[PDB]
Every structure is written in structure tokens, then in C-alpha cells.
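Undergrad: model the structure of this input:
(one chain, ligands or ions: 2)
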Amino acid sequence: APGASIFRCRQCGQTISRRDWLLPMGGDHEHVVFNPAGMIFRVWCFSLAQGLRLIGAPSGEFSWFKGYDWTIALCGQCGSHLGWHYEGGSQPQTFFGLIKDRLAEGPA
Ligand SMILES: O=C1CC[C@H](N2C(=O)c3ccccc3C2=O)C(=O)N1
Ligand SMILES: [Zn+2]
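TA: Numbers count the residues shown, from 1 in each chain. Ligands and ions are numbered 1, 2, ... in the order given. The relevant structure is shown in the block below.
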């Protein structure tokens, strides 16, 4: 009865991802980054996520991951900012960078 296998939106409970889907980009699933407004994020990389809504068209500006363009990923239920979807790159072509403290971990 594993208690730590699925990630939900911390604000509303929307199903978002799974521990099984964690992706070591450059050899770690966890990347600590800051944006141009100086906000620091603990980003967890996932191969796959669901329950999101991707807004706008991709941008390469200020991308933390070489060769990838990003789109903002909201919770599709509550509209909370959960992270970004990355695309346009290589091996893999796409992935999700989700903000760890915006997710709640728990049983399947
Ligand atoms: O890889 C990424 C994802 C998007 C992220 N991003 C933000 O967090 C942001 C906030 C305000 C202005 C501009 C940005 C921007 O590029 C960022 O800086 N890099
Ligand atoms: Zn939500």
C-alpha cells in the first residue's frame, strides 16, 4: 500500500504525476533555478504529467534547460502555476519541470 507514489496539486487535489515518472535531466531529477524576477524554484523533472493546462506558445528566452523551449503549465482544475512544459529539444524532445512545493505526494 505505497503512500508516496502520486503527485497532486497542493491547492485542489488534481492528479498531476507519479514518482515513477521522475526524469534525471543531467543526472538529477531536482534542479534549483531562479527566474529573472529572482524567484528561486526547486524544479522536479518528470517525463510525463496530466491534469495541467499549457498556456501560450513556447519561448526559448531564459530557458534553464539547453535546447528546450518552455510553456507555462497551470493546474487544469484550479489554475495554480505548477511549472513548465519543455519541448523542441533532444533526448527527450519534451518533459515537465514542476515546482516541488506546489505538489502533494501520497498514495495511489
Ligand atoms: O526555463 C524557464 C522557464 C520559464 C521561466 N520564466 C519565469 O519564471 C519568468 C517570470 C518572469 C519573466 C520571465 C520569466 C521566465 O522566463 C524561466 O526563467 N526559465
Ligand atoms: Zn490545482
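
Undergrad: confirm for me that residue 53 is in contact with residue 72.
TA: No. Using Cβ atoms under 8 Å as the test, residue 53 is too far from residue 72 to be in contact (9.0 Å). All C-beta atoms are positioned from the backbone trio N, CA, C, and that covers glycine.

Undergrad: around ligand 2, pick out the residues from this structure.
TA: 9, 11-12, 14, 75, 77-78, 80 (Cβ under 5 Å from the ion).

Undergrad: middle-most residue in the chain, spatially?
TA: The chain has residue 98 as the residue nearest its centroid, 2.2 Å off, counting by Cα atoms, centre = their mean.

Undergrad: okay, and that one sits in which element?
TA: strand 95-99 (DSSP states H and E).

Undergrad: so what strands line up beside the helix or strand following that strand?
TA: Using DSSP H and E, the helix or strand that follows strand 95-99 in sequence is strand 103-106. Here strand 103-106 is paired, per DSSP bridges, with strand 6-9 (antiparallel).

Undergrad: around ligand 1, which positions in the chain sit nearby?
TA: 35-37, 61-64, 70, 84 (Cβ under 6 Å from any ligand atom).

Undergrad: out of those, which is most surrounded?
TA: residue 84 (26 neighbours; other Cβ atoms under 10 Å).

Undergrad: double-check that it belongs to a strand.
TA: Yes. Counting by DSSP: H, G, I helix; E, B strand; the rest coil, residue 84 falls inside a strand.

Undergrad: out of everything not next to it in sequence, what's closest to it?
TA: residue 70 (4.3 Å; Cβ to Cβ, 6 or more residues apart in numbering).

Undergrad: on that earlier part again, correct me if wrong: the residue nearest to the centre of the chain contacts residue 48.
TA: No. Counting by Cβ under 8 Å, residue 98 does not reach residue 48; the two are 11.0 Å apart.

Undergrad: returning to that earlier point: so the residue nearest to residue 84 is in which element?
TA: Going by DSSP H and E, residue 70 is part of strand 69-75.
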